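> Take this structure, written in structure tokens, and hold onto it; I'll ask about it next.
In the deposited numbering, the protein residues as written are 1 to 97.
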């Protein structure tokens, strides 16, 4: 439930101008929760698929590491609302979300 929580405080800026998004998502929507739908692939090239619920919209983004996974997810959320994330000119193809 909600009542009776420990509270995990983890923070690290190992990346470069990337975590920015992670902090943002929390800035606009404090008290968020990230979960790993599933992980596939090798041990050196694992795929950490994270997921988050924002504004009644569930976002899922996979990455090379859980750390990047959560970050990628946020970037999307913002992009959906129309907020600056730090990425462009990256056409996806003939298929869109």
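Note that CB positions come from ideal geometry on N, CA and C, so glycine has one too.
(1) Using the C-alpha atoms, what's the distance from residue 32 back to residue 8?
(2) Can you tell me where the beta strand (DSSP E) holding residue 35 begins and where it ends?
(3) Rounded to whole angstroms, what's the CA-CA distance from residue 60 to residue 73? Just pull it up for me.
(4) Quick one: Cα of residue 16 to Cα of residue 86, how far?
(5) Quick check: what's the CA-CA separation for residue 65 versus residue 48?
Per the coordinate set shown:
(1) The residue you call residue 8 lines up with position 8 of the chain shown. The residue you call residue 32 lines up with position 32 of the chain shown. Straight through space, the alpha carbons of residue 32 and residue 8 are spaced by roughly 11 Å.
(2) Within the chain shown, residue 35 is the residue found at index 35, counting from 1. Secondary structure note for residue 35: its beta strand (DSSP E) is the uninterrupted segment 35–40.
(3) Here residue 60 refers to the residue found at position 60 of the chain shown. Here residue 73 refers to the residue found at position 73 of the chain shown. Their Cα atoms are separated by approximately 6 Å.
(4) By one-based count along the chain shown, residue 16 stands at place 16. By one-based count along the chain shown, residue 86 stands at place 86. Taken atom to atom, the span from the alpha-carbon of residue 16 to that of residue 86 is near 12 Å.
(5) Against the chain shown, residue 65 aligns to sequence position 65. Against the chain shown, residue 48 aligns to sequence position 48. Each residue's Cα considered, the two are about 6 Å apart.
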